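Worksheet: one structure, shown below.
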Amino acid sequence: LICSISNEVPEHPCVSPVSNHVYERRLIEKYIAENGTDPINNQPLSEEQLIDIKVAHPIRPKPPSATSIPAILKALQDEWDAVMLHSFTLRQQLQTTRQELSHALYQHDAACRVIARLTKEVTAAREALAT
Amino acid sequence: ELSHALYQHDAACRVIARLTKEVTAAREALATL
Amino acid sequence: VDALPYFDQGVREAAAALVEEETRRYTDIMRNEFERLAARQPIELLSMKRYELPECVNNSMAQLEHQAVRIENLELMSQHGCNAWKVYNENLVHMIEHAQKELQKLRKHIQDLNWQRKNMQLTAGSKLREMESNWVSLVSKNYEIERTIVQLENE
Amino acid sequence: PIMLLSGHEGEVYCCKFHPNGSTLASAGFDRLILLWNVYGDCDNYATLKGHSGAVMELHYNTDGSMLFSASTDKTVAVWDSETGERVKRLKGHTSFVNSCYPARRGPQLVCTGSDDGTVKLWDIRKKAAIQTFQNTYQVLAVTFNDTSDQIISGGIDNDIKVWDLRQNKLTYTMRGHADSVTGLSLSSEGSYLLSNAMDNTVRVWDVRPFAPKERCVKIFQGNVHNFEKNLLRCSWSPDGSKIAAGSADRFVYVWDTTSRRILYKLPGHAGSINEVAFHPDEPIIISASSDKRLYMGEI
Amino acid sequence: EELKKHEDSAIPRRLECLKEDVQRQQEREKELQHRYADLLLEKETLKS
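Protein chains in written order, with the UniProt record's numbering: chain V, 3 to 133; chain F, 102 to 134; chain R, 13 to 22, 28 to 43, 63 to 90, 105 to 205; chain S, 58 to 356; chain X, 753 to 800.
Below, the structure written as structure tokens:
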């Protein structure tokens, strides 16, 4: 249905026997030309190993105000500014990911050490009682 | 990664929640009997 | 690492406090910098405000032919009306339902995993509390063995 | 399955397994002893002969090679399971011998309870009596101690008794049974002893270097007596886990040591069950009943 | 499924641990009655 490279809804679907993963022909051409393998799993892929799919010709309806000024002055701004803000917020999400990963490695260090000490103290008092 | 680490840290502080009860009763018995 | 969740129904403050003590002891094209400028800068590129206003005689004749193309796209929109609208509606629902079928799959898998974990914990903790009970009994009766040694020994 | 066994001229009183659990012993009034294959189709091959009175107790060795049998006709008798033919006629017993108990993994010896008023020790080799503790009355049940240095007995005074083999006087007497003692059984712990009694109440004790001196630990409800006053016999599990009993209600009684709940009160029977045998390896039970047959339940 | 498995990978170390002290106590229950019979027998002959 959708594509795993641009996150796009294709009018040009092509999936490969090297990675059965619905990918957008544009980014699939670009990738397999960059390095001749799949991007997602990276089983070696040549661009002619894939096979296209025959699409149901999916269409979105031309809105009532569709013309030169609507598709030029207004429309491109929403798309470009929303790509800008979306990609920026996504990199921000990666920053938050690095922060939470560091905090989590800290918490794991704490758990491991405190457990190593208490597992001893317990059976230490237990051995003294078993004396 | 944060999911696995969070489950780990929570259920891991649980290990101490049990160990502390055991050792605290243990030293108390050690004094008692 | 050793952590059975399902068993203990029950602390957080003390375990996490000692934890925090241990923790205190512890790629695209030039578009990359273009979008860096355009996004940090924030401003929107000066748009296509040329065909609208009205050279200006060209833009007025352009408004003519363009609203002609607008009545053409209006022909090509009213040719359907509600028809190709419902054409997209029904297909939209028939594409919608599948993701929720998948969520049903995920619910079933995770909940049956938990259904295994329950009885697993119940067998494990049962045998382990039996071990604790055996320990209590042997420790008590072994201090009793020491008392018996003391008595039979003093004689 | 159900695996009900038959072929007995009369009521089946005594039943047990090979201490292997390879071939099966049952017997009762008929004055002979039927043996079977436990597995397969529960096949019935060999029958020991000779014992004049009703064979009041069969008793294996603990390996499974020799067979002791106390019969009401004033005699105990040793037999070779290899053959089925008698090795000794332990005579001298002045009246009805009820019980026999061969010592497990100790030297060759048997302690015998009977209807004379004596508890008697005898040797397999000498044809001679080793000791005899006259308390005053007929001795109905006898089980050793796991050191083979005390003799446990249940008789008509409700006062369960134990003799020192070396000091020869009444070593342990414990009381709390509401009526006569009918069945004793030493668990595989070597330590806990199990006792049934017609008084509807069955008891556990523990014979150790130290027990609390009042050692009535666990008590089970359900056993029945009637105007028949037939012999009542019980056992532990091979694991000391499930308490197995029969009784005169036609209900086989299966309890646990732990929660002492009714694990089963199983019907199926027509006759009063006179002995339950637990399999030394399997979850297999053979119920010897006075309906002149047996059952083999799988649990 | 991996958090239960990280539990279930170490699952035997959860039971096998107390299975040591349980038998460390019954093998020490061996140490009890070994001399406990050495204790009852020891009285009998000084009282006699």
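Note that CB positions come from ideal geometry on N, CA and C, so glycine has one too.
task: For my contact list, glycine 110/S and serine 128/S are in at a C-beta cut-off of 8 Å; report their separation, rounded to the angstrom.
output: Counting from 1 along the fourth sequence, the entry for residue 110/S is found at position 53. Counting from 1 along the fourth sequence, the entry for residue 128/S is found at position 71. About 5 Å; that satisfies the 8 Å criterion.
message: For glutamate 123/V, tell me which candidate among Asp111/F, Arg115/F, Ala127/F and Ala112/F has the shortest Cα-Cα distance.
response: As a working mapping, residue 123/V is identified with position 121 in the first sequence. Nearest option by C-alpha distance: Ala127/F.
task: Give the residues of chain S in contact with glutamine 785/X, contact being defined as C-beta atoms less than 9 Å apart.
output: Locating residue 785/X in the fifth sequence gives position 33, where the first residue counts as 1. Around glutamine 785/X, the beta-carbon contacts reaching into chain S at under 9 Å are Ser248, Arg265, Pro266 and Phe267.
- prompt: Looking at chain F, which residues of the segment 755-783 of chain X have a Cβ within less than 7 Å of any of its Cβ atoms?
  reply: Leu755
Partners in chain S for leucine 798/X, counting only beta-carbon separations shorter than 7 Å: Within the fifth sequence, numbered from 1, the residue matching residue 798/X stands at position 46. None at all; the shortest Cβ gap to chain S is about 15 Å.
- prompt: My guess is that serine 344/S and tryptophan 293/S are in contact by the Cβ rule of under 8 Å, so how many angstroms apart are they, rounded?
  reply: The count along the fourth sequence starts at 1 and reaches residue 344/S at position 287. The count along the fourth sequence starts at 1 and reaches residue 293/S at position 236. Not quite, the Cβ-Cβ distance comes to about 16 Å (not below 8 Å), so this is no contact.
Chain F residues whose Cβ lies nearer than 7 Å to that of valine 200/R: Stepping through the third sequence from its first residue, residue 200/R is reached at position 150. Here the premise fails: no neighbours, minimum Cβ distance about 14 Å.
- request: For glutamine 165/S, collect the residues of the same chain with a Cβ closer than 7 Å to its Cβ; drop the 5 residues on either side in sequence, then sort them by chain order.
  value: In the fourth sequence, counting from the first residue as 1, residue 165/S sits at position 108. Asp180, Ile181 and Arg182.
message: Using a Cβ-Cβ distance cut-off of 7 Å, determine whether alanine 132/F contacts chain R.
response: Walking along the second sequence from the start, residue 132/F turns up at place 31. Not closer than 7 Å to any Cβ of chain R, the Cβ of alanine 132/F fails to qualify, so no.
- prompt: So what does DSSP say about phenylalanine 86/S, is it helix, strand or coil?
  reply: Counting from one through the fourth sequence, the residue named residue 86/S turns up at place 29. Looking at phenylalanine 86/S - three-state DSSP - the assignment turns out to be coil, as it is neither helix nor strand.
message: Just to confirm the assignment, what range does the alpha helix (DSSP H) spanning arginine 42/R have?
response: Along the third sequence, one-based indexing puts residue 42/R at 25. From DSSP, the alpha helix (DSSP H) with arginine 42/R extends over 29-42.
- request: Using three-state DSSP, classify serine 344/S as helix, strand or coil.
  value: Residue numbering aside, residue 344/S sits at position 287 when the fourth sequence is read from its first letter. Three-state DSSP puts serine 344/S in a strand.
field: Span of the beta strand (DSSP E), counted from its first residue to its last, around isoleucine 208/S
entry: In the fourth sequence, counting from the first residue as 1, residue 208/S sits at position 151. Its beta strand (DSSP E) spans residues 207-211.
Through-space distance from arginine 766/X to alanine 118/V, alpha-carbon basis: The residue you call residue 118/V lines up with position 116 of the first sequence. The residue you call residue 766/X lines up with position 14 of the fifth sequence. In this model, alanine 118/V and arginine 766/X are separated by some 15 Å (Cα to Cα).
Counted within 10 angstroms of its Cβ, other Cβ atoms place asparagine 253/S as buried (16 or more) or exposed: Within the fourth sequence, residue 253/S is the residue found at index 196, counting from 1. By the 10 Å Cβ count, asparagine 253/S comes out buried.
Contact check, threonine 228/S vs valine 238/S, beta carbons under 7 Å: What you label residue 228/S is simply residue 171 of the fourth sequence in a count that begins at 1. What you label residue 238/S is simply residue 181 of the fourth sequence in a count that begins at 1. Not in contact: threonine 228/S and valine 238/S (Cβ atoms no closer than 7 Å).
- prompt: Any idea which residues DSSP pairs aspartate 296/S with across the strands?
  reply: Residue numbering aside, residue 296/S sits at position 239 when the fourth sequence is read from its first letter. The secondary-structure analysis by DSSP pairs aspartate 296/S with nothing; it has no beta-bridge partner.
task: Kindly identify the DSSP beta-bridge partner or partners of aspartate 263/S.
output: Position 206 of the fourth sequence, counted from the start, is the residue given in the question as residue 263/S. In DSSP, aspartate 263/S forms a bridge with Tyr249/S.
message: Quick check on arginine 143/S: does DSSP put it in helix, strand or coil?
response: The count along the fourth sequence starts at 1 and reaches residue 143/S at position 86. Note: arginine 143/S maps to strand in three-state DSSP.
field: Cβ-based burial, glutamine 109/V [other Cβ within 10 Å; buried from 16]
entry: In the first sequence, the residue the question calls residue 109/V occupies position 107. By the 10 Å Cβ count, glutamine 109/V comes out buried.
task: State the DSSP-derived secondary structure class of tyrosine 138/R, mapped to helix, strand or coil.
output: Position 88 of the third sequence, counted from the start, is the residue given in the question as residue 138/R. Three-state DSSP puts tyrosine 138/R in a helix.
field: Three-state secondary structure assigned by DSSP to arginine 161/S
entry: Mapped onto the fourth sequence, residue 161/S falls at position 104. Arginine 161/S falls in the coil class under three-state DSSP.
field: Cross-chain neighbours of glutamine 109/V in chain F, by beta carbon under 7 Å
entry: As a position in the first sequence, residue 109/V is number 107, starting the count at 1. Simply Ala106 and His110.
message: Output needed for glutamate 68/S: all residues of its chain with C-beta closer than 7 Å, excluding positions within five of it in sequence on either side, in chain order.
response: Along the fourth sequence, read from residue 1 onward, the residue named residue 68/S stands at position 11. Closer than 7 Å at the Cβ level, and outside the excluded window around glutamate 68/S, lie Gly85, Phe86, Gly328, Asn331, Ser347 and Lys349.
message: Measuring only the C-alpha atoms, how far is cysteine 157/S from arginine 223/S?
response: As a working mapping, residue 157/S is identified with position 100 in the fourth sequence. As a working mapping, residue 223/S is identified with position 166 in the fourth sequence. The straight-line gap from Cα to Cα measures roughly 20 Å.
message: The beta strand (DSSP E) that contains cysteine 16/V, what's its start and end?
response: What you label residue 16/V is simply residue 14 of the first sequence in a count that begins at 1. Its beta strand (DSSP E) spans residues 15-17.
- prompt: Less than 7 Å separating the beta-carbons of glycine 174/S and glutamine 195/S?
  reply: Along the fourth sequence, one-based indexing puts residue 174/S at 117. Along the fourth sequence, one-based indexing puts residue 195/S at 138. Contact flag set, yes.
query: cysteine 291/S and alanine 302/S: beta carbons closer than 7 Å?
result: As a first step, residue 291/S must be located in the fourth sequence, where it is residue number 234. As a first step, residue 302/S must be located in the fourth sequence, where it is residue number 245. A contact, by the Cβ cut-off of 7 Å.
query: What first and last residue would you give for the beta strand (DSSP E) that runs through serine 242/S?
result: Taking the fourth sequence and counting its residues from 1, the one referred to as residue 242/S is at position 185. Where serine 242/S is concerned, the enclosing beta strand (DSSP E) stretches over 238-243.
Beta-carbon contacts of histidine 75/S that lie in its chain and below 6 Å, excluding the five residues immediately before and after: Numbered from 1 along the fourth sequence, position 18 holds the residue referred to as residue 75/S. Answer for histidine 75/S: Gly121, listed in chain order.
query: Quick one: is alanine 34/R near chain F, going by C-beta distance under 7 Å?
result: Position 17 of the third sequence holds residue 34/R. Not one chain F Cβ lies under 7 Å of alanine 34/R.
- request: State the DSSP-derived secondary structure class of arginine 197/R, mapped to helix, strand or coil.
  value: Start at 1 with the first residue of the third sequence, and residue 197/R comes out as number 147. Here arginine 197/R sits in helix by DSSP.
- prompt: When we look at the beta-carbon of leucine 3/V and count the other beta-carbons within 10 Å, is it buried (16 or more) or exposed?
  reply: Here the question's residue 3/V lines up with position 1 in the first sequence. Classification of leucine 3/V: exposed, given that the 10 Å Cβ count is below 16.
field: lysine 218/S: first and last residue of the uninterrupted beta strand (DSSP E) it sits in
entry: Translated into the one-based positions of the fourth sequence, residue 218/S becomes position 161. Its beta strand (DSSP E) spans residues 216-221.
message: Looking at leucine 197/S: is its Cβ nearer than 7 Å to the Cβ of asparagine 257/S?
response: Indexing the fourth sequence from 1 puts residue 197/S at position 140. Indexing the fourth sequence from 1 puts residue 257/S at position 200. The answer is no: Cβ separation not under 7 Å.
- prompt: Shorter than 7 Å from the beta carbon of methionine 111/R to some beta carbon of chain V?
  reply: As a working mapping, residue 111/R is identified with position 61 in the third sequence. Taking Cβ atoms only, chain V never reaches closer than 7 Å to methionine 111/R, which makes this a no.
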